[PDB]
Amino acid sequence: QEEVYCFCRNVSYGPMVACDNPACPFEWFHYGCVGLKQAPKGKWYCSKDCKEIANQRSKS
Amino acid sequence: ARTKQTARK
Ligand SMILES: [Zn+2]
Ligand SMILES: [Zn+2]
């Protein structure tokens, strides 16, 4: 099945993850869309922001 | 996080 997800505006290639952030515009993003592999041993954030969004206003 | 993967080309 072909469904768009990450801001990439393209379909889910295969390697993906879901935004583990209270917000995260979506809840499915591709690795080719973002940056990672099999997602770190634990949890990944839909996007470089999806994570920062979970931190909620942080100097980091 | 809920993930769905299939390796990368
Ligand atoms: Zn997100
Ligand atoms: Zn994408």
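What you see of chain B is 2-10, where the numbers are those given in Swiss-Prot.
In case you wondered, yes, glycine gets a Cβ from its N, Cα and C as well.
What Swiss-Prot records for B:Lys5 is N6,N6-dimethyllysine. The secondary structure of B:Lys5 (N6,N6-dimethyllysine), as reduced to three states from DSSP, is extended strand. Proximity of B:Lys5 (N6,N6-dimethyllysine) to non-local residues of its own chain (separation of 6 or more, Cβ distance below 8 Å) is seen for none.
Residues or ranges marked as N6-methyllysine in Swiss-Prot (evidence: experimental evidence): B:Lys5 (among others).
Annotated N6,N6,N6-trimethyllysine per Swiss-Prot: B:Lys5, in sequence order, evidence recorded as experimental evidence.
B:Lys10 (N6-acetyllysine) falls outside any helix or strand according to DSSP and counts as coil. All chains included, 7 other C-beta atoms sit within 10 angstroms of the C-beta of B:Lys10 (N6-acetyllysine). Here Swiss-Prot flags B:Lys10 as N6-acetyllysine.
As annotated by Swiss-Prot, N6-crotonyllysine applies to B:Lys10.
What Swiss-Prot lists as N6-methyllysine is B:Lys10 (among others).
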